[PDB]
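Here's a solo chain for you in structure tokens, the form deposited in one PDB entry.
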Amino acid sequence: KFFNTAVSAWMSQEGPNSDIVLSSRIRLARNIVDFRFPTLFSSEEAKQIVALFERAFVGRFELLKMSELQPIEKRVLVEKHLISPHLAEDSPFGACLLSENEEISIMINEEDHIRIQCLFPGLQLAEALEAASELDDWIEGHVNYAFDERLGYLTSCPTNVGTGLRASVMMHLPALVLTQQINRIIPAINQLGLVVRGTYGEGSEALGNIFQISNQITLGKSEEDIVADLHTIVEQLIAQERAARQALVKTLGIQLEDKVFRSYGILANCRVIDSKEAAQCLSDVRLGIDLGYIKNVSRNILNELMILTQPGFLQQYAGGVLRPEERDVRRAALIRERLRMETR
């Protein structure tokens, strides 16, 4: 079942630096030319492409067609970064070829005909790129990619023209945020051409201290060079976060243990919590788990509950519009329950 908001067995595996790096994501955007039926209609191209993947994937993959999913199922796929918002809503023949472990997602008929996604836990960009490239090679053996031998892969949005590659890592940087170093690392990332965004919240507030660092640097660099560059910056960010964490432990000791356990205590017991406080507390709890203060709570609580406690998702899940105070009560209840599952 792909619509389990919990961290998959695949994404809960401990990849390199997976305490700080939640996940590594490789996306390869492709468009197809010279269709098997040279149709003039996008409708027909989109259906041939779906037929291709339904015929060619029955490793176990399920082809999820957006037209066949309830809106909450599509929202979960969106929140799992398995599909884009555009695939859920705006793609009449949108479909997602999902591997059973949800490592592999091939979005069909979005902006581009093909978006191959590999999502790995921890810092495994090279592994994700290799896995995405193996599917890329498989797909290209059966279709012709729109490709200009001097411009590279042709993608609908010129955001991707060239390699069609977007590489991203999601990182939890509570210590850099706590010690107010985060706005020091943003310029270093921007100078290198990478893009850093908060994953959760509205415009740059980065709830949960979860950051997405991705490339933008396109035409010049090889895919391996894009990924090596991102990997290298991520490893420096990891080192900075670990240094900040170790400084925090050495300075605060029991006061840091107290901070993360109080955040735990709020999450385990509060009856009213807004998404911002929940995010801060979840980040603290995750840090406390990472530091081994909190020993009986899965670190995946951060990944899962950051999704489930978002205001819009919470309403989407509840099936209706909820006032903020109603959201805060349901959010607290959801969080308490998920932490009660950990106590058992």
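Quick note: we count residues from 1 along the sequence shown, nothing fancier. Whichever C-alpha set is largest while still superposing within 1.5 Å between the two forms counts as the rigid core.
In terms of unmodelled positions of the deposited sequence, the chain runs continuously from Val33 to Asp34 in this entry.
Of the two stretches examined, 18-26 and 320-328, the record assigns the greater average C-alpha temperature factor to 320-328. Remark: stretch with higher mean C-alpha B factor among 259-267 and 101-109 is 101-109. Per the PDB entry, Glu89 shows the highest C-alpha temperature factor of the residues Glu79, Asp136, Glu241, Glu89.
Comparing C-alpha B-factors across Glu127, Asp274, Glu235, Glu224 in the deposited entry, the largest value falls on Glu224. Annotation for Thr155: CA B-factor lies in the highest third of the chain's modelled residues. When the modelled residues of the chain are ordered by C-alpha B-factor, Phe93 sits in the middle third. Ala188 sits in the middle third of its chain by CA B factor, as recorded in the PDB entry. Ranked by C-alpha B-factor against the other modelled residues of its chain, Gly203 falls in the highest third. Looking at the C-alpha B-factors along this chain, the one for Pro71 belongs to the highest third.
Just so it is clear, the following notes concern the form deposited in another entry, a form of the same protein that is not shown.
Rigid core superposed between this form and the one not shown, residues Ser222, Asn269, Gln255, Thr232 considered: the one with a C-alpha shift of 2 Å or more is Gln255. Residue displacement note: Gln310 has its CA displaced by at least 2 Å between this form and the one not shown (rigid core superposed). Core-aligned CA deviation for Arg25 between this form and the one not shown: less than 2 Å. After superposing the rigid core, the Cα of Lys65 is displaced by less than 2 Å between this form and the one not shown. Relative to the shown form, the Cα atoms of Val195 and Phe313 move apart by 3 Å or more in that other deposited form.
Figure legend: C-alpha atoms of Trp138 and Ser42, shown here, are separated by at least 3 angstroms more in that other deposited form.
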